[PDB]
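2 protein chains.
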Amino acid sequence: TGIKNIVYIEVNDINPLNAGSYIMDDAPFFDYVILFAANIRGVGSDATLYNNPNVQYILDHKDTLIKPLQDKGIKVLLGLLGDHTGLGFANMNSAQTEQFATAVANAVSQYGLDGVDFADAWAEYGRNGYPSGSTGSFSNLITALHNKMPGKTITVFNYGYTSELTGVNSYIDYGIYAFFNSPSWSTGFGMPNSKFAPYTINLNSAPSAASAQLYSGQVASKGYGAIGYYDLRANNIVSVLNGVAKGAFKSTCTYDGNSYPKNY
Amino acid sequence: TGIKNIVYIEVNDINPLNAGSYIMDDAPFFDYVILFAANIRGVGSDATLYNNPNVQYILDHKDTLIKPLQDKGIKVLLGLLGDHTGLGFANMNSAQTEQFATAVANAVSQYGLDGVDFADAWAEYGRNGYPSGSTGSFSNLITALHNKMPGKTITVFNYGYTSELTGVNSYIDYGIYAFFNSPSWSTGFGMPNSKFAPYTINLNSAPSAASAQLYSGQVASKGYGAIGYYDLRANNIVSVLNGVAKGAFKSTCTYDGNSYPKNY
Ligand SMILES: CC(=O)N[C@@H]1[C@@H](O)[C@H](O[C@@H]2O[C@H](CO)[C@@H](O[C@@H]3O[C@H](CO[C@H]4O[C@H](CO[C@H]5O[C@H](CO)[C@@H](O)[C@H](O)[C@@H]5O[C@H]5O[C@H](CO)[C@@H](O)[C@H](O)[C@@H]5O)[C@@H](O)[C@H](O[C@H]5O[C@H](CO)[C@@H](O)[C@H](O)[C@@H]5O[C@H]5O[C@H](CO)[C@@H](O)[C@H](O)[C@@H]5O)[C@@H]4O)[C@@H](O)[C@H](O[C@H]4O[C@H](CO)[C@@H](O)[C@H](O)[C@@H]4O[C@H]4O[C@H](CO)[C@@H](O)[C@H](O)[C@@H]4O[C@H]4O[C@H](CO)[C@@H](O)[C@H](O)[C@@H]4O)[C@@H]3O)[C@H](O)[C@H]2NC(C)=O)[C@@H](CO)O[C@H]1O
Ligand SMILES: CC(=O)N[C@@H]1[C@@H](O)[C@H](O[C@@H]2O[C@H](CO)[C@@H](O[C@@H]3O[C@H](CO[C@H]4O[C@H](CO[C@H]5O[C@H](CO)[C@@H](O)[C@H](O)[C@@H]5O[C@H]5O[C@H](CO)[C@@H](O)[C@H](O)[C@@H]5O)[C@@H](O)[C@H](O[C@H]5O[C@H](CO)[C@@H](O)[C@H](O)[C@@H]5O[C@H]5O[C@H](CO)[C@@H](O)[C@H](O)[C@@H]5O)[C@@H]4O)[C@@H](O)[C@H](O[C@H]4O[C@H](CO)[C@@H](O)[C@H](O)[C@@H]4O[C@H]4O[C@H](CO)[C@@H](O)[C@H](O)[C@@H]4O[C@H]4O[C@H](CO)[C@@H](O)[C@H](O)[C@@H]4O)[C@@H]3O)[C@H](O)[C@H]2NC(C)=O)[C@@H](CO)O[C@H]1O
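Note that the protein sequences, when read in sequence, are chains A and B. When the letters of the first sequence are read in order and numbered with the authors' numbering, they come out as residues 43 to 79, 80A, 81 to 201, 202A, 203 to 225, 226A, 227 to 306. When the letters of the second sequence are read in order and numbered with the authors' numbering, they come out as residues 43 to 79, 80A, 81 to 201, 202A, 203 to 225, 226A, 227 to 306.
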């Protein structure tokens, strides 16, 4: 397949509809949009899925804040992030793993989402009486979600206990390099180049169009399958994306004019 | 990197040591020798690696039948072939893929081999209740094996479900054109010319030396990186190989006199 553009939107600040305002070759520039993020939270022995008031609002208003992206062909994923309780993706027991995977699959079904993204950061492993080290639950969680959501996408931000995931990487559609604005010509957890983004642009502290065209052209020539983006804002950042369009796609990217505020 | 000579030996018939008897520029003429072939066999739900008595004899006698080739700098790969059970590289489920990848990696480690060659032929897909069509496992099998045996070689004979392998071709060192004694100036699964043999000689039903020199010169001048060979026997076939040496390498090939019988 062609190179996919995968964007994480910090929905505490930014209306995710802005991802749809960018066009390349009569199609959306962005292929995947990650609502960053819902949280795993340990609560006693339970492994819970927690949506903060901004995420919950977007899910509660899926017809107006998610579906128009999906109407254009964009796949919308629920981002998943640690949240300082001491329990994260990599230190659950068998019951907690099954419980968390059930919650996530039910949320993806209930809100008509296209899958999920895993970002193993900020769990603060070991706090509040949970194990301080890995139990092996991270691979089992991927496996459980693959069995529960056939046909849906799983992406992994390459940070935290991801080195453990090599054995289940056939269940993972894309991996994403964790540092911004400079490429690293490798992949994590054994992913082939065609399933990895070795270059990830911070669109808030944005690099120049010249740098984006330089590196995006190298993404294509070296045969990688994706480019990552983090923290798209509500300003028109097409200068940078047009650099990527010229570099990786031999094309151009334009703005449709729609700037969507976060009135919630 | 110069042109590599890659030879498949039908070890049901031929002692593989014969590949070491040919010399070009004070080095082995052949760079890779494939022991053709171990098999994938479905047994119930298991995906198994089966070595027939000739293959198993060679592996059990690695010090006398494999190591002398490796001492000369020749790389020796285990050939992998379907075997009429209905299960093959391209129709496994995830557990079978992991299971077969593990069995192959372990044999490569146990017998001190330099890697493997995949020939997706003779599986008879769909026999014995196995899936009749592709599951997508061929690409995952290459990924799983690359991750399990780092620093080893993977070659792919361009026959069977190989059109699926474009996404993992960075894990494949060489692809081999599947038909004999006439070049086809293209490659499979997105491979660059430098990683492909577009010309494969049958050394049993051998072409003329003049033919071999004509076509091998075109291999070099068109920028390809390998030439393939099938069914080297125990007779002195240097006349053909010297034709290739004159064509592709602007040199000569000689025989060292050693004819090794299959007394096993
Ligand atoms: C160090 C380093 O660098 N590191 C790195 C990393 O970082 C990375 O990662 C990646 O990347 C990215 C970027 O970087 C990231 O992101 C980021 O993050 C961060 C962090 O976060 C986290 O944490 C936090 C905190 O927490 C704490 O606190 C809180 C409050 O208080 C609480 O609550 C909690 O719980 C905690 O606490 C606890 O703990 C502690 C400690 O232990 C203790 O002490 C206590 O006591 C307790 O216990 C948090 O908050 C978060 O979370 C949140 O969010 C999320 C999303 O993100 C979600 O999911 C969740 O849910 C949450 O949300 C919710 O909540 C909140 C709170 O409450 C609210 O607000 C909301 O609304 C909701 O409701 C986490 O966990 C951070 O910080 C950041 O942020 C930033 O950015 C953003 C975007 O843009 C924004 O929005 C914000 O605001 C901020 O801003 C800032 O910065 C920026 C940038 O530049 C700018 O623009 C602005 O302007 C600002 O600035 C300012 O400030 C700064 C500082 O602050 C300075 O510098 C400047 O100058 C100025 O001043 C971000 O977000 C991420 O994560 C990642 N990514 C992915 C995964 O994809 C890595 C990799 O790359 O690497 C490393 O190296
Ligand atoms: C058609 C066409 O053409 N096609 C093509 C193809 O072929 C190709 O491919 C490629 O190339 C090459 C060449 O061609 C190849 O190779 C070949 O192959 C073939 C086949 O094989 C396969 O199959 C077989 C059969 O099977 C069956 O049977 C058996 C017995 O009985 C059984 O066991 C089985 O199972 C099966 O059965 C089953 O199934 C069936 C069907 O379905 C049914 O019916 C039944 O009932 C059952 O169920 C087989 O056998 C094989 O296998 C084997 O081998 C392998 C190696 O190769 C291994 O791996 C395995 O393991 C095995 O071995 C084992 O076993 C056996 C048996 O038992 C024994 O014996 C041994 O020892 C061990 O143990 C497969 O699978 C074949 O046939 C061929 O062969 C031939 O050659 C060789 C070499 O040189 C030799 O050695 C032999 O012997 C033969 O010989 C012959 O021929 C030749 C020439 O070649 C000559 O020289 C001689 O002399 C002879 O002749 C004779 O005969 C003929 C006929 O045969 C006639 O013609 C004449 O005249 C005379 O008489 C070969 O091998 C390959 O494969 C590939 N390559 C690669 C690299 O891959 C493609 C491509 O090119 O194309 C297409 O087109």
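Backbone N, C-alpha and C fix where the C-beta goes; we use that ideal spot for every residue, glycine too.
Inter-residue CB distance, residue i and residue j (contact presumed, cutoff 8 Å)
i            : j        : result
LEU111/A     : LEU155/A : About 11 Å separates the two Cβ atoms, so there is no contact after all.
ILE48/A      : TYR271/A : 7 Å
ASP73/B      : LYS46/B  : 4 Å
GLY62/A      : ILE116/A : 6 Å
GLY209/B     : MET233/B : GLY209/B to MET233/B, Cβ: 12 Å. No contact.
residue 15/A : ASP215/A : Residue 15/A lies beyond the residue range present for chain A, which begins at 43 and ends at 306; the question has no answer from this structure.
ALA149/B     : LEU187/B : Not quite, the Cβ-Cβ distance comes to about 11 Å (not below 8 Å), so this is no contact.
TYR302/B     : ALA262/B : About 30 Å; that fails the 8 Å criterion.
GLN152/B     : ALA89/B  : No, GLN152/B and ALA89/B are not in contact; Cβ-Cβ is about 18 Å, not under 8 Å.
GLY267/B     : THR106/B : Going by Cβ atoms, the distance from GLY267/B to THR106/B rounds to 32 Å, so no, they are not a contact pair.
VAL97/A      : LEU77/A  : 6 Å
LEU119/A     : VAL75/A  : 7 Å
From the options, residue whose alpha carbon lies closest to that of residue i
i            : options                                     : result
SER281/B     : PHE131/B, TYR297/B, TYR272/B and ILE269/B   : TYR297/B
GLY86/A      : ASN135/A, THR144/A and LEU187/A             : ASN135/A
residue 33/A : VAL150/A, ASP159/A, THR144/A and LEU91/A    : For residue 33/A there is no data in the structure shown, the boundaries of chain A being 43 and 306.
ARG83/B      : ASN94/B, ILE76/B and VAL75/B                : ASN94/B
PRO240/B     : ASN200/B, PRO249/B, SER253/B and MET191/B   : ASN200/B
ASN223/A     : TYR213/A, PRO249/A, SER212/A and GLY202A/A  : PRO249/A
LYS304/A     : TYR257/A, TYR99/A, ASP88/A and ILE269/A     : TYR99/A
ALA79/B      : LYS264/B, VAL146/B and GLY299/B             : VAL146/B
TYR213/B     : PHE221/B, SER226A/B, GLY202A/B and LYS237/B : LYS237/B
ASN300/B     : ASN54/B, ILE65/B and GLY44/B                : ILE65/B
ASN189/A     : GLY178/A, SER174/A, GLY157/A and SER176/A   : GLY157/A
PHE221/B     : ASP273/B, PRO70/B and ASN54/B               : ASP273/B
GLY265/B     : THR229/B, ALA251/B and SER253/B             : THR229/B
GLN255/B     : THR294/B, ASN278/B, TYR92/B and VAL118/B    : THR294/B
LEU101/B     : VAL53/B, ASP67/B, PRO192/B and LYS194/B     : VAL53/B
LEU91/A      : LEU207/A, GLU140/A, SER226A/A and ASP68/A   : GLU140/A
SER253/B     : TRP227/B, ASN81/B and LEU283/B              : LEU283/B
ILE279/A     : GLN260/A, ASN81/A and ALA251/A              : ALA251/A
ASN133/A     : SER174/A, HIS103/A, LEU119/A and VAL118/A   : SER174/A
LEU207/A     : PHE131/A, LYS104/A and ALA69/A              : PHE131/A
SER258/B     : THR177/B, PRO225/B and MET191/B             : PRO225/B
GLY202A/B    : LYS104/B, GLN260/B, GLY178/B and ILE269/B   : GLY178/B
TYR306/A     : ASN211/A, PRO70/A, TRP227/A and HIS103/A    : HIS103/A
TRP227/B     : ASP67/B, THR195/B and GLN260/B              : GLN260/B
Check whether the region 180-197 of chain B and the region 163-171 of chain B touch, using three or more Cβ-Cβ pairs below 8 Å as the test. With the cut-off at 8 Å, the region 180-197 of chain B and the region 163-171 of chain B do not touch.
Pairing CB atoms from the region 169-177 of chain B with CB atoms from the region 125-138 of chain B, are three or more of them under 8 Å? yes
Return the chain-ordered ranges of every alpha helix (DSSP H) run that is complete within the region 101-186 of chain A and spans a minimum of 4 residues. 104-107, 109-113 and 136-152
Any 3 or more C-beta pairs closer than 8 Å across the region 241-250 of chain B and the region 273-290 of chain A: Segment contact: the region 241-250 of chain B against the region 273-290 of chain A, fewer than three CB-CB distances shorter than 8 Å; contact not assigned.
Please give me, in chain order, every unbroken run of the beta strand (DSSP E) with length at least 3 that falls completely inside the region 242-273 of chain A. 242-244 and 268-272
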